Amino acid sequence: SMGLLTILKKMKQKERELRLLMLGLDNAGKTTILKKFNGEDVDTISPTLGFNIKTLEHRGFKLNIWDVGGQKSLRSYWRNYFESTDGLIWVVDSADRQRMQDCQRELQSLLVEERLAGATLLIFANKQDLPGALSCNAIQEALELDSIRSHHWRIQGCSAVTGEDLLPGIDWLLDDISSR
């Protein structure tokens, strides 16, 4: 009944809704990041055999974040979750140099996919916490990210396990999407 209640509730009522698609090769750490967004990994974490969807709330936006398993068998189904995607989040294992080529290959197959034409692209160079994990500039070079022309993008180093640098990446992403 107090003015603050209706004003806040109304503020929530008019928040834009967004669909964020989080992809990447298996073991890249997609699901851990999703869980760290709600501070949660209480060690119940195995490979994802489909999608994980979390509906949050952040920066005035209502987020629908779809995390789809990246093992070989599930990638041909990624295109089934393209439609209406506002932001594409590409998770990479910074310490898995043994796959950088496939990682780069999958990414490029995605960027020429017309259903993702206007999506903003955030690249999480995850697992930065590791002993000898690669640097952003390296990964950025290895992912031929300088050969992208149709998508706004930013590479952001982070560590899903400690939650370090996850918010700066998400914040930039929600900002670019705001510009439309």
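Counting begins at 1, following the sequence as shown.
Mean CA B-factor, 112-120 versus 50-58: the higher value falls on 112-120. Of the two segments, 136-144 and 62-70, the one listed with the higher mean B-factor is 136-144 (C-alpha atoms only). When the C-alpha B-factors of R154, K127, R149, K35 are read from the PDB record, the largest value belongs to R149. Residue-level temperature factors show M100 in the highest third of its chain, judged at the C-alpha atom. Among the modelled residues of the chain, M11 sits in the highest third by CA temperature factor in this PDB entry.
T44: CA B factor lies in the highest third for its chain, per the PDB record.
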